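Novice: Chains as they are written, first to last, in the UniProt record's numbering: chain A, 1 to 37; chain B, 2 to 210; chain C, 6 to 555.
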Amino acid sequence: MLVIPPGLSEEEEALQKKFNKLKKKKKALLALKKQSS
Amino acid sequence: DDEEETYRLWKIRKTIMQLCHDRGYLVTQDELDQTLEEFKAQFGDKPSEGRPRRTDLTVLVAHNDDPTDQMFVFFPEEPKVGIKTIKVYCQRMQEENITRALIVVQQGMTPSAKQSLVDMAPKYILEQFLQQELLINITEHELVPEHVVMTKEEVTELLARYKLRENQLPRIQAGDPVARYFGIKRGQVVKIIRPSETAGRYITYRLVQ
Amino acid sequence: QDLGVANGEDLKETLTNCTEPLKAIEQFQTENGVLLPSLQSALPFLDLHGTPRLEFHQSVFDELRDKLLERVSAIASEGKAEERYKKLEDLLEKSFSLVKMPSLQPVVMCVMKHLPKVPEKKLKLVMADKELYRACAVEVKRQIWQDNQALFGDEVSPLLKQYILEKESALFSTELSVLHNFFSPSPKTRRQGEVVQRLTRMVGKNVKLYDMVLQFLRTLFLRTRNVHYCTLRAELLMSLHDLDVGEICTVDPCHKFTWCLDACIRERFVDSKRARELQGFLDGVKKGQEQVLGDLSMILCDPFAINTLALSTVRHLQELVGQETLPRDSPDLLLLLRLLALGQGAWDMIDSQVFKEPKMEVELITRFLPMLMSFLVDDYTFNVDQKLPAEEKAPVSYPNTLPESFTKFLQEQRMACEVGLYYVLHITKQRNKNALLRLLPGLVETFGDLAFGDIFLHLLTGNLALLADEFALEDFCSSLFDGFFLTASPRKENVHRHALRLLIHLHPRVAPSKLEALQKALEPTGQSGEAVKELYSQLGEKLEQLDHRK
Numbered sequence: 001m002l003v004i005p006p007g008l009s010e011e012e013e014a015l016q017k018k019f020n021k022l023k024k025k026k027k028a029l030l031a032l033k034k035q036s037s
Numbered sequence: 002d003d004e005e006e007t008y009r010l011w012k013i014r015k016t017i018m019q020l021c022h023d024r025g026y027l028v029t030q031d032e033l034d035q036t037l038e039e040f041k042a043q044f045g046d047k048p049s050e051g052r053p054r055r056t057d058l059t060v061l062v063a064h065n066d067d068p069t070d071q072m073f074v075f076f077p078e079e080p081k082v083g084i085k086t087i088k089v090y091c092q093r094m095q096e097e098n099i100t101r102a103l104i105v106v107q108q109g110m111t112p113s114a115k116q117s118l119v120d121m122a123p124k125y126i127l128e129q130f131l132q133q134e135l136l137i138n139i140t141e142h143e144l145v146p147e148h149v150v151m152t153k154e155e156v157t158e159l160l161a162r163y164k165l166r167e168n169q170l171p172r173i174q175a176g177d178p179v180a181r182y183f184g185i186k187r188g189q190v191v192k193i194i195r196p197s198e199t200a201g202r203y204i205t206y207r208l209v210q
Numbered sequence: 006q007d008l009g010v011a012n013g014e015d016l017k018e019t020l021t022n023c024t025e026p027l028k029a030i031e032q033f034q035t036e037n038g039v040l041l042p043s044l045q046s047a048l049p050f051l052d053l054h055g056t057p058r059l060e061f062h063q064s065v066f067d068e069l070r071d072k073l074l075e076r077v078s079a080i081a082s083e084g085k086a087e088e089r090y091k092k093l094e095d096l097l098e099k100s101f102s103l104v105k106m107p108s109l110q111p112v113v114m115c116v117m118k119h120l121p122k123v124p125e126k127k128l129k130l131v132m133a134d135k136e137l138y139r140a141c142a143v144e145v146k147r148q149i150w151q152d153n154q155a156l157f158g159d160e161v162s163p164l165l166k167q168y169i170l171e172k173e174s175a176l177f178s179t180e181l182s183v184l185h186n187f188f189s190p191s192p193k194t195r196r197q198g199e200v201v202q203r204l205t206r207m208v209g210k211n212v213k214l215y216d217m218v219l220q221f222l223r224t225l226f227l228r229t230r231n232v233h234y235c236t237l238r239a240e241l242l243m244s245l246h247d248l249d250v251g252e253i254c255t256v257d258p259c260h261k262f263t264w265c266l267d268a269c270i271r272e273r274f275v276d277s278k279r280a281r282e283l284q285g286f287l288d289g290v291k292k293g294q295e296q297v298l299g300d301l302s303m304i305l306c307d308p309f310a311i312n313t314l315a316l317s318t319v320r321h322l323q324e325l326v327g328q329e330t331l332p333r334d335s336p337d338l339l340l341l342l343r344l345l346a347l348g349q350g351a352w353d354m355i356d357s358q359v360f361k362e363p364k365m366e367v368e369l370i371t372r373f374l375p376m377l378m379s380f381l382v383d384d385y386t387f388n389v390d391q392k393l394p395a396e397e398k399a400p401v402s403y404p405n406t407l408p409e410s411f412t413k414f415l416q417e418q419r420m421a422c423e424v425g426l427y428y429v430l431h432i433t434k435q436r437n438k439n440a441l442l443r444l445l446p447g448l449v450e451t452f453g454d455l456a457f458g459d460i461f462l463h464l465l466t467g468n469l470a471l472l473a474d475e476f477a478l479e480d481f482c483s484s485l486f487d488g489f490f491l492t493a494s495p496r497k498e499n500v501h502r503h504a505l506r507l508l509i510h511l512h513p514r515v516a517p518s519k520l521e522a523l524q525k526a527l528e529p530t531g532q533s534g535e536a537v538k539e540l541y542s543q544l545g546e547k548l549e550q551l552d553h554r555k
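1) Do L339 (chain C) and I311 (chain C) have their CB atoms nearer than 9 Å?
2) So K278 (chain C) contacts chain B; which residues on that side make the cut at Cβ distance below 8 Å?
3) Going by beta carbon distance, what residues of the same chain come within less than 6 Å of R89 (chain C), once the five residues before and after it are set aside?
4) Of all the options C:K364, C:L442, C:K92 and C:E498, which has the alpha carbon lying nearest to the alpha carbon of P529 (chain C)?
5) Is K23 (chain A) close to chain C? Criterion is C-beta to C-beta, closer than 9 Å.
6) Would you tell me roughly how many angstroms separate the C-alpha atoms of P517 (chain C) and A351 (chain C), rounded to the nearest one?
7) With H, G and I counted as helix, E and B as strand and the rest as coil, what does DSSP make of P196 (chain B)?
8) On the three-state DSSP scale, how would you describe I30 (chain C)?
9) Can you give the Cα-Cα distance for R181 (chain B) and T386 (chain C), rounded to whole angstroms?
10) Which of the three DSSP states, helix, strand or coil, is assigned to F486 (chain C)?
11) Step through the CB atoms of chain B and report whether any lies within less than 9 Å of the CB of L464 (chain C).
12) Compile a chain-ordered list of the residues in the stretch 431-451 of chain C whose CB is closer than 8 Å to at least one CB of chain B.
13) With a 10 Å radius around its C-beta and 16 neighbouring C-beta atoms as the bar for buried, classify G9 (chain C) as buried or exposed.
14) Going straight from the alpha carbon of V500 (chain C) to that of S178 (chain C), what length do you get?
15) What's the C-alpha gap between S379 (chain C) and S317 (chain C)?
16) Would you mind reading off the limits of the beta strand (DSSP E) that contains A102 (chain B)?
17) Using a Cβ-Cβ cut-off of less than 8 Å, list which residues of the stretch 313-333 of chain C approach chain B; keep chain order.
18) Am I right that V150 (chain B) and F183 (chain B) are in contact with their C-beta atoms under 8 Å? What's the rounded C-beta distance?
19) Just checking my contact of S102 (chain C) with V112 (chain C) at CB under 8 Å: how many whole Å lie between their CB atoms?
20) Closest to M303 (chain C) by C-alpha separation, out of C:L170, C:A155 and C:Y234, would be which residue?
21) Beta carbon of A536 (chain C), beta carbon of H510 (chain C): below 9 Å?
22) Got a sec, what are the start and stop residues for the beta strand (DSSP E) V104 (chain C) sits in?
23) Restricting to Cα atoms, I'd like to know which of B:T111, B:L208, B:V89 and B:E4 is closest to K81 (chain B).
24) Any beta carbon of chain B sitting closer than 9 Å to that of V10 (chain C)?
25) Could you name the residues of chain C that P68 (chain B) contacts, counting a contact when the two beta carbons are closer than 8 Å?
26) Could you give the C-beta distance for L61 (chain B) and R14 (chain B), rounded to a whole number, given that I count them as a contact under 8 Å?
27) Check whether the Cβ atoms of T36 (chain B) and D70 (chain B) lie closer than 9 Å to each other.
28) With a threshold of 16 other CB atoms inside 10 Å of the CB of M1 (chain A), please say whether the residue is buried or exposed.
29) Assess, as a yes-or-no matter, whether the stretch 385-403 of chain C is touched by the stretch 340-359 of chain C under the definition of 3 or more beta carbon pairs within less than 8 Å.
30) Taking DSSP as the reference, what is the three-state secondary structure of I126 (chain B)?
31) Reducing DSSP to helix, strand and coil, say where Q358 (chain C) ends up.
32) For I432 (chain C) versus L448 (chain C), is the C-beta spacing smaller than 9 Å?
33) Mind listing which residues of the stretch 385-402 of chain C have their C-beta closer than 8 Å to chain B's C-betas, in chain order?
34) Provide the residue span of the alpha helix (DSSP H) that contains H148 (chain B), from first to last.
35) With distances taken between CB atoms, is the gap from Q43 (chain B) to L33 (chain B) smaller than 9 Å?
36) What are the start and end residues of the beta strand (DSSP E) that includes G201 (chain B)?
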């Protein structure tokens, strides 16, 4: 049986935080490009 | 129907492979002309909510030389494509570093998306094709002669030999189905070899306007 | 002068002796000639001919021999099996005494070729004679080999060594090409190689010989740690598949799995459906048949399978970044990692005879993969920032720091090292020099020096050919060569060869000062191999030609 841990590792949480920051930046840039298009 | 759908998808795949090969890309020989049964084995023989659905057969091809530029072809799920659907493809392209791409629409594109396609032409080029356009390779038709795209050096050689300008060549539409097949832009001389019953062979030239 | 046979020895005597008894000689021809009354009346015509009576009889004998060969083939093809086999056995019993006669040897060899089982005494007599053994068809040689494992091994070992040498030479090709690399040939093209075809012909439909070849491959894989034996196992099985050899394909438990994996290798990607089919094959291994898992891991240890699986893993990671999903939540990614784990643990599983699936480390999925996704994420944001209008351009510097945990994962975990190496290959193929420079220091120390393997170095040099314009920068060349290639070249000859190949390909674009420094740094020593010296001489010739082009 493949034992999957029941919690995000500290690294995984840091990477989720980085990814959320990237999503926010990407949305802001899409709004900027809509204003410039 | 389901057999009709897999036949139509296989014919579109064959026409796209031939289009990429005639455009000057890396098309594998067996992929260039595969059997319908081979396609059904490779993809699943059930386009109706099944294994050979769309977005599974997005064909990615590189150039025969300078293998960087690619036009990995797109097959939307929906019949009528829109801006919020092509922006996902724009996301996939900006994820990459390649600017050309082909989408194969089922029904007509919404005209706002038609304007949107032009709205990124200097950044990355997008061509669109209807299903009926890709059910027959029109270059195989006997009425269509051999169209060959000319390099810029050959254009300079032509204009210097005949001492004429690009304004004086007989021209061709940018929305020409053969021009769309080769995907030529404006200002790109195309040599056309056709048999003549009075001289044997005749090579004309069509600057794109 | 064998059974009912007149002079072969007294024939040599007849050619040596030479005195007189004409009537004795004539009586000898009459008794030992074509004993047909109808020919006696026709001979004076031949005497009336003038040409000596040797070419005519030779032509008749050759025509009769060819007709007999045609009839042996026809008997082998026509009729009930028992009757035709009995007729062939009677013919062999009557003709085997002439097996050493060159003019009638082909008939005996053909009869033996078409017999399902040649008598063991005649097989031993053939084995004792080197020329007779050489002249035998592969069908008779199979009946010999099936009961003599040592002789079959003697016949097969040169082919295996040749296969290994061919693969290694392909890894060291002079041309650096992304389009034409080690993984460019399709599996069907690869199975057309001389070694694979010859081994397939030797095995034929004999299951025992196929099992002997598999045992040889397992033993050589354990003894030499060369993965191309796994490649050869896969290619031999699929080559038997292409010939519709059901006697072997139906009993090999890896046939369907290898077929599906071959399709995946041909497409250079593993989709969800193919992944689920492979998973169904794996989960179908019953209790008590666990050695099949070792065989399947050997199939997955094939470098082509590893390449396909790792590229699919990298693509899936990119897709997960696009879909805003975590690696742990993707069953397809976990399945790909499981296949890769089996492939990497093939050697340990076979050596220890413990046929259990390797446990995938939790920290891989929960830490290492999302960090790779963060590297992709940084790449995307830097690319988007570079396209912003100049009025909004903050001075965004590309992140050049490599996390220590990433380097530790590359050093300590084999799977993380493999995935990271393929990610490096991927980013190099995308011409992302910033990410390549960021990740390069972590390749100096890797698990088992996997970053210095010939497959990875071949692919890496091929992809680095796409960054030819960047070799004009002294910092880029210093990073690449001094920090990666020259750190291991004095200790590893293959790294030296790969660096020399890269320099030979890209010398016109390297900065001249760095070019001279690299030429001095890559100078072969007295202990360097012949290939290194040859590559260095080629580099010198190219440099002389370039200087002459000024």
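Cβ coordinates follow ideal geometry from the N, Cα and C atoms, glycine included.
Specialist: On the basis of the supplied data:
1) no
2) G45 and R52
3) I80
4) C:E498
5) yes
6) 46 Å
7) strand
8) helix
9) 34 Å
10) helix
11) no
12) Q435 and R436
13) exposed
14) 14 Å
15) 18 Å
16) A102 to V105
17) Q323 and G327
18) 6 Å
19) That pair is no contact at about 12 Å.
20) C:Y234
21) no
22) It is not in any beta strand (DSSP E) - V104 (chain C) carries neither H nor E in the DSSP assignment.
23) B:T111
24) no
25) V183 and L184
26) Rounded, the Cβ-Cβ distance is 13 Å, inconsistent with contact.
27) no
28) exposed
29) no
30) coil
31) coil
32) no
33) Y385, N388 and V389
34) Counting along the chain, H148 (chain B) falls outside any alpha helix (DSSP H), though it belongs to the beta strand (DSSP E) covering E147 to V150.
35) no
36) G201 to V209
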